[PDB]
Number of protein chains: 4
Amino acid sequence: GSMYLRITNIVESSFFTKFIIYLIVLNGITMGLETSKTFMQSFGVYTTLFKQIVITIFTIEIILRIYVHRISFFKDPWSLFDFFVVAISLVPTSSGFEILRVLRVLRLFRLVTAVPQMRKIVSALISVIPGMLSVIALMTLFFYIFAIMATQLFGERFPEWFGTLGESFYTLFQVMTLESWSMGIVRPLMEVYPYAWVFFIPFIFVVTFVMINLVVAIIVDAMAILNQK
Amino acid sequence: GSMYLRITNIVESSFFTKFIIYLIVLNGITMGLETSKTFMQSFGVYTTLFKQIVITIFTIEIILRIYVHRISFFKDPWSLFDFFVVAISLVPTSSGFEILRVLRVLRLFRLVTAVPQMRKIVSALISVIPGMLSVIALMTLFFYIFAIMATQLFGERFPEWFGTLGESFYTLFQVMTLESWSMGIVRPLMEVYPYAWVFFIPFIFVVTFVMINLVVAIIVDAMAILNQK
Amino acid sequence: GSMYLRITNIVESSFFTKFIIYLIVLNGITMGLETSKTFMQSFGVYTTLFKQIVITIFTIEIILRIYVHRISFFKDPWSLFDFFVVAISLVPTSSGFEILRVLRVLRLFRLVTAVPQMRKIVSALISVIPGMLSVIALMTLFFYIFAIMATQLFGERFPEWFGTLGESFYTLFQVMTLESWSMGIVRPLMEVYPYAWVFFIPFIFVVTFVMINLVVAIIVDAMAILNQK
Amino acid sequence: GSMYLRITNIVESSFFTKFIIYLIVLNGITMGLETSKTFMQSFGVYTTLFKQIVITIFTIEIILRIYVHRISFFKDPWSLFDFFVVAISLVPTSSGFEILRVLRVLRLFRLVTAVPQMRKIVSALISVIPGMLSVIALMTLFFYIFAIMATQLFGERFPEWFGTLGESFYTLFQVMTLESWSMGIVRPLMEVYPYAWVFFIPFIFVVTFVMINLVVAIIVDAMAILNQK
Ligand SMILES: CCCCCCCCCCCCO[C@@H]1O[C@H](CO)[C@@H](O[C@H]2O[C@H](CO)[C@@H](O)[C@H](O)[C@H]2O)[C@H](O)[C@H]1O
Ligand SMILES: CCCCCCCCCCCCO[C@@H]1O[C@H](CO)[C@@H](O[C@H]2O[C@H](CO)[C@@H](O)[C@H](O)[C@H]2O)[C@H](O)[C@H]1O
Ligand SMILES: CCCCCCCCCCCCO[C@@H]1O[C@H](CO)[C@@H](O[C@H]2O[C@H](CO)[C@@H](O)[C@H](O)[C@H]2O)[C@H](O)[C@H]1O
Ligand SMILES: CCCCCCCCCCCCO[C@@H]1O[C@H](CO)[C@@H](O[C@H]2O[C@H](CO)[C@@H](O)[C@H](O)[C@H]2O)[C@H](O)[C@H]1O
Ligand SMILES: [Ca+2]
């Protein structure tokens with residue numbers, strides 16, 4: 001169309017995409033100030049008014065660029081994200097949870113979508129994630145199995161830490177991060193169950209070894225790429 | 001045999017091995033629910049009945065596939081494991097410790113045996129372990145030597161941490177993981193023995209250095225393999 | 001000039017640059033003793049007298065070598081540093097903050113400027129920093145976004161940790177370092193907000209993954225250099 | 001000599017060196033039991049008698065093999081070690097400190113000297129240490145500079161942590177290991193000095209970055225060796 005091409009050379013234009021990047025950064029400062037109580041008592045109104053100005057601007061633009069690109073728009077990871085955070089954003093406050101108001105703050109991630117240098121590095125990081133899946137598999141299972149013995153051994157006498165399969169899952173996640181694993185968990189346990197270290201000193205070893213391998217794994221696969229290039 | 005070949009094309013068949021993978025996952029959910037007290041009051045019976053249905057199914061199948069494969073079955077790492085967790089499983093409750101009931105939960109690791117993609121990655125992880133043996137050697141010795149001085153210096157005045165060669169071994173294992181090493185151990189010690197940091201700041205250095213090397217070691221040996229391939 | 005060349009073969013001479021390296025090390029021992037209260041009661045005077053002897057010596061030499069090298073001197077990173085720590089040093093005590101007196105202690109970093117082997121390794125370390133910028137970018141943004149939800153969710157009931165966008169930034173920096181993240185932060189939170197782990201167990205994962213990549217990233221880029229050499 | 005060659009084919013013989021490896025392991029078990037109080041009340045005598053049997057055996061053998069090898073013996077790292085732990089060992093108890101009795105326990109490291117596979121890996125680990133010297137240099141200096149400001153800023157109001165240049169050095173060593181750096185140090189400080197995070201959040205960054213580089217450094221230098229081989 002003699003206009004469909006005038007609409008595309010608008011949307012696909014630099015100024016338009018660079019414009020909503022200046023409207024991203026102007027909004028991220030606003031979210032920053034809006035947490036201030038002092039700022040909110042004075043400049044609260046402008047702000048909440050400013051916040052409606054943008055959301056129609058984006059719904060304008062999410063409408064424009066979904067028209068420009070029709071059904072291709074919907075098989076794009078970045079675009080779908082922009083659709084699903086604007087959508088999230090459009091449903092208003094005091095309806096349902098208000099946790100959605102705090103989730104609205106995800107729309108800042110658009111700056112990663114809109115900025116190419118940023119979508120590059122995010123594609124790097126995600127490019128890594130298929131290779132580690134089998135380890136994440138094995139690993140999840142391993143946690144599962146130990147959550148179950150740990151509950152079965154300790155949940156009745158240590159209910160804050162092991163009375164639930166999830167309570168155990170969590171504590172175990174923490175012990176893996178080595179976070180007060182001894183003085184705060186294993187050591188308190190050996191006051192009652194004195195051979196508790198048999199369960200944890202092995203558990204630490206396996207998940208640390210598995211981690212070390214997971215990482216050497218990334219570093220070797222990052223290397224097949226260099227020699228191949 | 002005109003049947004030994006009908007028994008092999010059963011056992012070695014996809015549906016049969018994929019069948020006991022669906023009987024693995026159905027059992028792992030059951031172990032999950034069985035930790036719940038609510039679930040156990042209602043659906044306890046079905047469950048404990050379900051648990052006997054499987055164990056005869058596996059002892060059926062561990063019998064079948066030990067017949068199909070005779071004495072080869074017994075020099076296979078995965079198969080031996082399946083024999084030794086089913087065996088563990090067959091001895092019943094309220095005999096000996098009941099810690100064996102919690103050890104029964106190891107039979108979930110069959111999912112790593114039955115799933116090829118999973119036995120692949122487990123063979124990777126174990127493939128690594130010969131190379132690090134000399135470091136694990138040196139390392140064990142080093143811990144040993146320090147357990148002995150640490151007991152000899154601190155066990156009489158700090159018996160929860162150093163009165164035993166093992167008590168020391170453990171605390172030292174913990175200090176290596178940097179887990180409250182200072183605010184919870186070395187610092188409390190310098191209230192009595194003020195030059196205790198002479199023992200620990202060196203000890204941290206050596207075991208951290210040895211670890212860093214152990215890891216660079218894995219990463220270099222993972223590299224001889226790439227250029228060789 | 002028949003003297004400009006006699007001034008250059010002084011400044012650019014070994015003995016002159018090696019001289020102010022012996023005047024660096026003599027001064028760093030002095031700063032060391034000067035923290036002692038005993039030393040300061042006796043040898044305080046000599047010392048504070050000694051400290052004025054050097055600062056005129058350096059302002060002598062910073063004047064000489066800025067003359068020898070005119071405006072080239074001012075586009076050199078090491079030289080500019082030497083200018084800006086001597087300058088810092090020249091403004092005296094009891095004027096403004098006295099935090100500048102503690103900042104005077106930065107002039108020890110001249111030993112890294114004056115010693116080539118040392119400016120080599122510092123140029124290595126800084127040589128690394130362009131490549132990680134996009135990750136430091138993404139990363140800063142990510143922290144920002146979570147500071148804002150974390151304040152919005154927890155600052156009213158946990159003001160020491162989340163009542164400020166910065167208070168949150170800090171706590172979050174700490175949680176990233178895994179430092180009492182559970183027993184000291186997330187666990188205290190679940191006494192009031194029981195699904196707080198939904199915010200933190202994801203947050204730990206993302207920033208740990210991003211870190212692992214940041215590091216594998218350094219190691220791969222250090223490798224393009226070897227094959228290229 | 002018609003005997004100097006009979007003395008060398010003794011010392012240099014397998015059985016002789018393998019003999020004192022069985023006398024090493026028999027002694028290391030003895031040190032292990034000797035920490036037990038029960039064992040020492042019964043079998044104490046045998047033991048302390050056993051301990052004199054070996055020390056003359058080694059002084060026999062350290063005499064033999066210093067004769068076999070004359071002055072070459074004294075420029076060998078492993079041999080010198082064996083001389084200097086036996087020497088340490090020969091001076092008896094209740095003279096000077098008794099800390100030397102606990103230092104006698106170092107003679108177990110002979111097992112690393114006597115076992116080739118073990119002296120191999122120890123030579124690997126030490127082979128690494130020249131390359132990191134410039135970083136250990138820079139690093140020591142950096143710690144030094146911060147010890148001095150940290151004392152100058154905090155030692156008067158926090159004397160257990162910063163009243164000494166060494167007290168500071170230690171605390172700083174601990175903060176580097178991230179060990180309760182926040183909840184136990186920086187956080188307690190901001191109750192008095194509220195912009196203390198300006199000193200520590202930078203300090204953590206620099207020493208973590210320097211560490212990451214130190215390690216990528218080992219991994220790259222371990223790689224020049226592979227392509228060169
Ligand atoms: C952008 C999308 C991101 C999707 C994220 C995908 C999840 C990836 C899982 C990686 C994170 C696992 O979570 C984290 O793993 C590290 C591995 O460094 C482990 O952490 C522990 O062991 C490793 C051993 O290698 C050490 O490096 C680390 O210092 C220690 O704390 C813990 O298990 C946990 O802190
Ligand atoms: C599937 C079978 C598995 C068999 C397991 C074989 C055991 C292998 C030993 C490796 C585990 C040693 O146990 C663990 O080692 C790590 C090394 O990362 C050390 O951990 C500490 O030092 C290292 C330095 O490299 C850091 O990476 C780590 O963050 C820190 O906590 C501790 O010593 C201990 O937490
Ligand atoms: C000389 C000038 C220096 C300029 C400094 C530039 C800043 C560079 C940023 C690197 C430092 C980031 O700060 C530090 O990052 C490490 C990454 O190891 C993270 O630390 C955590 O995760 C990583 C996972 O890789 C683990 O290695 C580490 O043991 C764990 O504590 C934390 O986020 C923080 O402790
Ligand atoms: C056999 C002789 C041995 C001689 C020993 C020579 C000393 C070598 C110095 C290396 C040890 C430095 O001491 C240790 O360094 C590690 C680096 O992993 C740092 O540790 C911290 O930062 C690093 C970042 O890389 C992380 O890997 C680590 O999990 C974290 O705790 C600390 O600074 C200290 O725990
Ligand atoms: Ca900790």
# chains A, B, ... in the order shown; residues from 1 in each chain; ligands from 1

$ interface_residues --of "chain B" --to "chain D" --cutoff "8 Å" --atoms "only C-alpha atoms" --output "compact mmCIF listing (two decimals) with N, CA, C and O atoms, in the first residue's frame"
# COMPACT_ATOMS: atom_id res chain seq x y z
N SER B 134 45.21 -38.14 42.03
CA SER B 134 46.43 -37.70 42.70
C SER B 134 46.23 -36.43 43.51
O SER B 134 46.87 -36.27 44.55
N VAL B 135 45.37 -35.51 43.05
CA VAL B 135 45.09 -34.31 43.85
C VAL B 135 44.23 -34.65 45.06
O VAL B 135 44.49 -34.15 46.16
N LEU B 138 46.95 -36.31 47.65
CA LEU B 138 47.62 -35.20 48.29
C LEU B 138 46.69 -34.49 49.25
O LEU B 138 47.00 -34.31 50.44
N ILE B 145 46.98 -34.40 58.07
CA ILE B 145 48.07 -33.78 58.84
C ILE B 145 47.54 -32.61 59.67
O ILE B 145 47.97 -32.40 60.81
N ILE B 148 45.46 -33.39 62.71
CA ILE B 148 46.21 -33.88 63.86
C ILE B 148 46.84 -32.73 64.65
O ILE B 148 46.81 -32.74 65.88
N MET B 149 47.42 -31.74 63.96
CA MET B 149 47.92 -30.59 64.71
C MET B 149 46.77 -29.83 65.34
O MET B 149 46.84 -29.45 66.52
N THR B 151 43.88 -30.84 66.38
CA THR B 151 43.48 -31.47 67.63
C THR B 151 44.51 -31.22 68.71
O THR B 151 44.19 -30.74 69.81
N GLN B 152 45.78 -31.49 68.40
CA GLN B 152 46.86 -31.33 69.37
C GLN B 152 46.95 -29.91 69.93
O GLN B 152 47.42 -29.73 71.06
N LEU B 153 46.53 -28.90 69.16
CA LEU B 153 46.63 -27.52 69.65
C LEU B 153 45.36 -27.06 70.36
O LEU B 153 45.45 -26.32 71.34
N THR B 164 38.49 -34.35 68.80
CA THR B 164 38.52 -35.64 68.13
C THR B 164 39.28 -35.42 66.84
O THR B 164 39.27 -34.32 66.29
N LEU B 165 40.00 -36.45 66.38
CA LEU B 165 40.59 -36.31 65.06
C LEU B 165 39.50 -36.07 64.01
O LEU B 165 39.69 -35.30 63.06
N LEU B 178 34.92 -22.10 53.60
CA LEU B 178 34.83 -20.69 54.02
C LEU B 178 33.59 -20.36 54.83
O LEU B 178 33.21 -19.21 54.90
N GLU B 179 32.96 -21.35 55.47
CA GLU B 179 31.62 -21.20 56.03
C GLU B 179 31.75 -20.74 57.46
O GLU B 179 32.02 -21.54 58.36
N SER B 180 31.54 -19.45 57.69
CA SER B 180 31.74 -18.86 59.00
C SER B 180 33.11 -19.19 59.53
O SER B 180 33.27 -19.38 60.73
N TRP B 181 34.10 -19.34 58.64
CA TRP B 181 35.43 -19.70 59.12
C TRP B 181 35.95 -18.67 60.12
O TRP B 181 36.62 -19.04 61.09
N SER B 182 35.66 -17.39 59.91
CA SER B 182 36.26 -16.37 60.77
C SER B 182 35.33 -16.05 61.94
O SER B 182 35.64 -16.39 63.08
N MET B 183 34.19 -15.41 61.67
CA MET B 183 33.35 -14.99 62.79
C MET B 183 32.93 -16.16 63.67
O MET B 183 32.75 -15.99 64.87
N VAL B 210 45.15 -25.28 45.91
CA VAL B 210 44.96 -26.65 45.44
C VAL B 210 43.63 -26.83 44.71
O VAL B 210 43.54 -27.56 43.71
N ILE B 212 41.79 -24.39 43.08
CA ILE B 212 41.91 -23.68 41.80
C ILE B 212 42.65 -24.53 40.79
O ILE B 212 42.21 -24.68 39.65
N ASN B 213 43.77 -25.10 41.20
CA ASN B 213 44.50 -25.98 40.30
C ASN B 213 43.68 -27.20 39.91
O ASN B 213 43.64 -27.57 38.74
N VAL B 216 41.37 -25.87 37.14
CA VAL B 216 42.08 -25.60 35.89
C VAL B 216 42.54 -26.93 35.28
O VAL B 216 42.52 -27.12 34.06
N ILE B 219 39.77 -28.45 33.27
CA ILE B 219 39.53 -27.65 32.06
C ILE B 219 40.62 -27.89 31.02
O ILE B 219 40.37 -27.80 29.81
N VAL B 220 41.85 -28.13 31.46
CA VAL B 220 42.89 -28.44 30.48
C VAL B 220 42.71 -29.85 29.95
O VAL B 220 42.84 -30.08 28.74
N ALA B 224 42.67 -31.39 25.86
CA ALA B 224 43.36 -32.43 25.10
C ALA B 224 42.39 -33.24 24.26
O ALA B 224 42.73 -33.69 23.15

$ residues_near_ligand --ligand "ligand 1" --cutoff "6 Å" --atoms "only C-alpha atoms and all ligand atoms" --output "number ranges by chain"
A: 176-177, 208, 211-212; C: 205-206, 208-209

$ write_last_selection --atoms "N, CA, C and O atoms" --output "short mmCIF file (atom, residue, chain, number, x, y, z; two decimals), in the first residue's frame"
data_model
loop_
_atom_site.label_atom_id
_atom_site.label_comp_id
_atom_site.auth_asym_id
_atom_site.auth_seq_id
_atom_site.Cartn_x
_atom_site.Cartn_y
_atom_site.Cartn_z
N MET A 176 23.49 -26.18 49.35
CA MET A 176 24.31 -26.14 48.14
C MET A 176 25.04 -24.80 48.02
O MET A 176 26.25 -24.76 47.82
N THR A 177 24.34 -23.70 48.19
CA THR A 177 25.10 -22.47 48.14
C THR A 177 26.06 -22.30 49.31
O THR A 177 26.57 -21.19 49.37
N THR A 208 28.78 -30.06 44.39
CA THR A 208 29.87 -29.18 44.01
C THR A 208 30.58 -29.70 42.78
O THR A 208 30.81 -28.94 41.82
N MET A 211 28.61 -29.11 39.80
CA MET A 211 28.67 -27.71 39.38
C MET A 211 29.96 -27.44 38.61
O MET A 211 29.92 -26.93 37.49
N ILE A 212 31.10 -27.82 39.19
CA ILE A 212 32.39 -27.63 38.54
C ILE A 212 32.34 -28.16 37.12
O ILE A 212 32.76 -27.49 36.17
N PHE C 205 19.59 -17.46 40.86
CA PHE C 205 19.85 -18.18 39.62
C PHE C 205 20.33 -17.24 38.51
O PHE C 205 21.39 -17.45 37.92
N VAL C 206 19.57 -16.17 38.23
CA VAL C 206 19.91 -15.32 37.08
C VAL C 206 21.29 -14.69 37.29
O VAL C 206 22.14 -14.72 36.38
N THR C 208 23.73 -15.61 39.21
CA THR C 208 24.83 -16.57 39.21
C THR C 208 25.17 -17.01 37.80
O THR C 208 26.34 -17.00 37.41
N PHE C 209 24.15 -17.40 37.02
CA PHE C 209 24.32 -17.71 35.60
C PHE C 209 25.03 -16.59 34.85
O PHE C 209 26.01 -16.84 34.14
#

$ select_by_dssp --residues "chain C" --states "alpha helix (DSSP H)" --output "mmCIF file with C-alpha atoms, in the first residue's frame"
data_model
loop_
_atom_site.group_PDB
_atom_site.id
_atom_site.type_symbol
_atom_site.label_atom_id
_atom_site.label_comp_id
_atom_site.auth_asym_id
_atom_site.auth_seq_id
_atom_site.Cartn_x
_atom_site.Cartn_y
_atom_site.Cartn_z
ATOM 1 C CA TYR C 4 66.619 20.835 28.141
ATOM 2 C CA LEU C 5 68.658 17.807 27.043
ATOM 3 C CA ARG C 6 70.516 17.858 30.354
ATOM 4 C CA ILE C 7 67.150 17.986 32.151
ATOM 5 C CA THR C 8 65.742 15.112 30.101
ATOM 6 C CA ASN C 9 68.734 12.868 30.595
ATOM 7 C CA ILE C 10 68.177 13.475 34.326
ATOM 8 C CA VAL C 11 64.435 12.815 34.488
ATOM 9 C CA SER C 14 67.388 5.228 35.586
ATOM 10 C CA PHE C 15 68.804 6.588 38.860
ATOM 11 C CA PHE C 16 66.156 9.335 39.011
ATOM 12 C CA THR C 17 63.169 7.052 38.474
ATOM 13 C CA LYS C 18 64.765 4.373 40.655
ATOM 14 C CA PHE C 19 65.393 7.109 43.230
ATOM 15 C CA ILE C 20 61.740 7.983 43.657
ATOM 16 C CA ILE C 21 61.006 4.269 43.909
ATOM 17 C CA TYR C 22 63.225 4.171 46.991
ATOM 18 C CA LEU C 23 61.403 7.311 48.144
ATOM 19 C CA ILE C 24 58.110 5.514 47.566
ATOM 20 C CA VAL C 25 59.057 2.500 49.709
ATOM 21 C CA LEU C 26 60.583 4.668 52.444
ATOM 22 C CA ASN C 27 57.255 6.546 52.555
ATOM 23 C CA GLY C 28 55.073 3.434 52.608
ATOM 24 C CA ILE C 29 56.863 2.104 55.677
ATOM 25 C CA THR C 30 56.309 5.546 57.256
ATOM 26 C CA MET C 31 52.560 5.431 56.621
ATOM 27 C CA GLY C 32 52.667 1.984 58.172
ATOM 28 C CA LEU C 33 54.327 3.094 61.400
ATOM 29 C CA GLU C 34 52.297 6.310 61.560
ATOM 30 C CA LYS C 37 50.093 5.213 68.520
ATOM 31 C CA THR C 38 53.331 4.277 70.320
ATOM 32 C CA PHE C 39 55.486 5.141 67.302
ATOM 33 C CA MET C 40 53.628 8.425 66.850
ATOM 34 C CA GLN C 41 54.208 9.631 70.416
ATOM 35 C CA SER C 42 57.988 9.226 70.105
ATOM 36 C CA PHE C 43 59.011 9.495 66.447
ATOM 37 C CA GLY C 44 55.968 11.532 65.427
ATOM 38 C CA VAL C 45 57.926 14.704 64.671
ATOM 39 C CA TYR C 46 60.682 13.218 62.455
ATOM 40 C CA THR C 47 57.904 11.490 60.589
ATOM 41 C CA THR C 48 55.643 14.491 59.985
ATOM 42 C CA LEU C 49 58.833 16.348 59.072
ATOM 43 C CA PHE C 50 59.790 13.453 56.788
ATOM 44 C CA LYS C 51 56.341 13.670 55.161
ATOM 45 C CA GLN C 52 56.938 17.310 54.119
ATOM 46 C CA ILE C 53 60.413 16.495 52.759
ATOM 47 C CA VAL C 54 58.910 14.050 50.270
ATOM 48 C CA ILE C 55 55.947 16.115 49.145
ATOM 49 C CA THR C 56 58.231 18.936 48.035
ATOM 50 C CA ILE C 57 60.508 16.306 46.441
ATOM 51 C CA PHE C 58 57.605 14.995 44.396
ATOM 52 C CA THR C 59 56.263 18.423 43.536
ATOM 53 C CA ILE C 60 59.846 19.170 42.472
ATOM 54 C CA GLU C 61 59.818 16.048 40.306
ATOM 55 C CA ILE C 62 56.246 16.414 39.092
ATOM 56 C CA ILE C 63 57.309 19.902 37.995
ATOM 57 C CA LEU C 64 60.529 18.688 36.368
ATOM 58 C CA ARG C 65 58.922 15.848 34.415
ATOM 59 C CA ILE C 66 55.939 17.977 33.378
ATOM 60 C CA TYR C 67 58.500 20.393 31.933
ATOM 61 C CA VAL C 68 60.551 17.649 30.239
ATOM 62 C CA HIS C 69 57.408 16.343 28.542
ATOM 63 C CA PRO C 77 47.240 7.625 32.226
ATOM 64 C CA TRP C 78 50.057 6.878 34.660
ATOM 65 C CA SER C 79 51.346 10.475 34.616
ATOM 66 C CA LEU C 80 47.889 11.991 35.081
ATOM 67 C CA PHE C 81 47.439 9.716 38.090
ATOM 68 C CA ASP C 82 50.731 10.927 39.559
ATOM 69 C CA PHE C 83 49.594 14.508 38.989
ATOM 70 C CA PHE C 84 46.205 13.926 40.610
ATOM 71 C CA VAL C 85 47.459 12.148 43.742
ATOM 72 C CA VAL C 86 50.222 14.692 44.332
ATOM 73 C CA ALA C 87 47.600 17.428 43.812
ATOM 74 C CA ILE C 88 45.230 15.728 46.286
ATOM 75 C CA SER C 89 48.238 15.525 48.593
ATOM 76 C CA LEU C 90 49.170 19.219 48.430
ATOM 77 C CA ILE C 99 38.822 12.266 54.782
ATOM 78 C CA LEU C 100 41.295 13.751 52.336
ATOM 79 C CA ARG C 101 44.060 12.890 54.798
ATOM 80 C CA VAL C 102 43.024 9.279 54.578
ATOM 81 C CA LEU C 103 42.789 9.654 50.774
ATOM 82 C CA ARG C 110 52.616 5.375 42.586
ATOM 83 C CA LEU C 111 54.687 2.224 43.184
ATOM 84 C CA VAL C 112 52.507 0.595 40.490
ATOM 85 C CA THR C 113 53.192 3.594 38.200
ATOM 86 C CA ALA C 114 56.916 3.722 38.854
ATOM 87 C CA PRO C 116 57.221 -1.323 34.962
ATOM 88 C CA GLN C 117 56.528 -4.971 35.847
ATOM 89 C CA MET C 118 53.650 -3.491 37.898
ATOM 90 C CA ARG C 119 52.250 -1.174 35.275
ATOM 91 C CA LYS C 120 52.324 -4.158 32.924
ATOM 92 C CA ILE C 121 49.930 -6.299 35.014
ATOM 93 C CA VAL C 122 47.668 -3.316 35.740
ATOM 94 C CA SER C 123 47.381 -2.767 31.984
ATOM 95 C CA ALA C 124 46.479 -6.448 31.619
ATOM 96 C CA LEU C 125 43.709 -6.194 34.195
ATOM 97 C CA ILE C 126 42.286 -3.031 32.651
ATOM 98 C CA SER C 127 42.709 -4.423 29.132
ATOM 99 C CA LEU C 133 30.890 -3.802 29.498
ATOM 100 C CA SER C 134 27.699 -5.105 27.836
ATOM 101 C CA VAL C 135 27.344 -7.667 30.649
ATOM 102 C CA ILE C 136 27.970 -4.979 33.288
ATOM 103 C CA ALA C 137 25.264 -3.055 31.422
ATOM 104 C CA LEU C 138 22.592 -5.705 31.357
ATOM 105 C CA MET C 139 23.637 -6.526 34.917
ATOM 106 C CA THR C 140 23.250 -2.992 36.280
ATOM 107 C CA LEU C 141 19.801 -2.740 34.694
ATOM 108 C CA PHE C 142 18.776 -6.088 36.189
ATOM 109 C CA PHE C 143 19.804 -4.970 39.657
ATOM 110 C CA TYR C 144 17.932 -1.712 39.116
ATOM 111 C CA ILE C 145 14.681 -3.502 38.160
ATOM 112 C CA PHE C 146 14.868 -5.787 41.180
ATOM 113 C CA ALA C 147 15.761 -3.006 43.607
ATOM 114 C CA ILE C 148 12.478 -1.432 42.571
ATOM 115 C CA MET C 149 10.205 -4.442 43.028
ATOM 116 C CA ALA C 150 12.041 -5.422 46.205
ATOM 117 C CA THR C 151 11.396 -1.982 47.676
ATOM 118 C CA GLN C 152 7.799 -2.025 46.444
ATOM 119 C CA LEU C 153 7.206 -5.429 48.076
ATOM 120 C CA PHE C 154 9.273 -5.268 51.296
ATOM 121 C CA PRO C 159 12.900 -0.675 56.225
ATOM 122 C CA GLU C 160 16.481 -1.452 57.172
ATOM 123 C CA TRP C 161 16.725 -3.633 54.060
ATOM 124 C CA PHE C 162 14.236 -2.379 51.459
ATOM 125 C CA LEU C 165 15.927 2.061 46.433
ATOM 126 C CA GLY C 166 19.535 2.085 47.622
ATOM 127 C CA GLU C 167 18.885 0.067 50.750
ATOM 128 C CA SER C 168 17.476 -2.550 48.377
ATOM 129 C CA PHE C 169 20.370 -2.200 45.920
ATOM 130 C CA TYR C 170 22.769 -2.955 48.775
ATOM 131 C CA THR C 171 20.950 -5.941 50.311
ATOM 132 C CA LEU C 172 20.613 -7.294 46.765
ATOM 133 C CA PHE C 173 24.300 -6.816 46.169
ATOM 134 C CA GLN C 174 24.847 -8.840 49.341
ATOM 135 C CA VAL C 175 22.381 -11.613 48.432
ATOM 136 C CA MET C 176 24.289 -11.942 45.165
ATOM 137 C CA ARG C 187 14.413 -16.793 55.943
ATOM 138 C CA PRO C 188 13.499 -13.837 58.257
ATOM 139 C CA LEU C 189 11.187 -12.606 55.462
ATOM 140 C CA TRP C 197 11.500 -17.402 47.975
ATOM 141 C CA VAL C 198 9.747 -16.880 44.603
ATOM 142 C CA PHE C 199 11.569 -13.546 44.384
ATOM 143 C CA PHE C 200 14.990 -14.654 45.605
ATOM 144 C CA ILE C 201 15.610 -18.213 44.353
ATOM 145 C CA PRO C 202 15.019 -16.889 40.801
ATOM 146 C CA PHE C 203 17.114 -13.795 41.500
ATOM 147 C CA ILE C 204 20.054 -15.920 42.689
ATOM 148 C CA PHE C 205 19.851 -18.176 39.616
ATOM 149 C CA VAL C 206 19.915 -15.322 37.084
ATOM 150 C CA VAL C 207 22.809 -13.412 38.644
ATOM 151 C CA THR C 208 24.829 -16.569 39.211
ATOM 152 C CA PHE C 209 24.316 -17.710 35.602
ATOM 153 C CA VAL C 210 25.195 -14.223 34.340
ATOM 154 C CA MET C 211 28.358 -14.338 36.449
ATOM 155 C CA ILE C 212 29.437 -17.777 35.207
ATOM 156 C CA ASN C 213 29.015 -16.523 31.666
ATOM 157 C CA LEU C 214 30.876 -13.293 32.400
ATOM 158 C CA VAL C 215 33.828 -15.438 33.524
ATOM 159 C CA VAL C 216 33.742 -18.023 30.717
ATOM 160 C CA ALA C 217 33.577 -14.880 28.567
ATOM 161 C CA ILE C 218 36.920 -13.576 29.891
ATOM 162 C CA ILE C 219 38.502 -17.048 29.401
ATOM 163 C CA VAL C 220 37.380 -17.347 25.796
ATOM 164 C CA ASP C 221 38.522 -13.844 24.877
ATOM 165 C CA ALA C 222 41.846 -14.518 26.542
ATOM 166 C CA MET C 223 42.008 -17.394 23.993
ATOM 167 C CA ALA C 224 41.396 -15.536 20.728
ATOM 168 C CA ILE C 225 44.641 -13.774 21.711
ATOM 169 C CA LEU C 226 46.723 -16.974 21.996
ATOM 170 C CA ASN C 227 45.774 -18.492 18.636
ATOM 171 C CA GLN C 228 46.207 -15.055 17.046
#

$ atom_distance --atom1 "atom CA of residue B:130" --atom2 "atom 11 (C, counted along the ligand's line) of ligand 2"
13.9 Å

$ atom_distance --atom1 "atom 6 (C, counted along the ligand's line) of ligand 2" --atom2 "atom CA of residue B:76"
21.0 Å
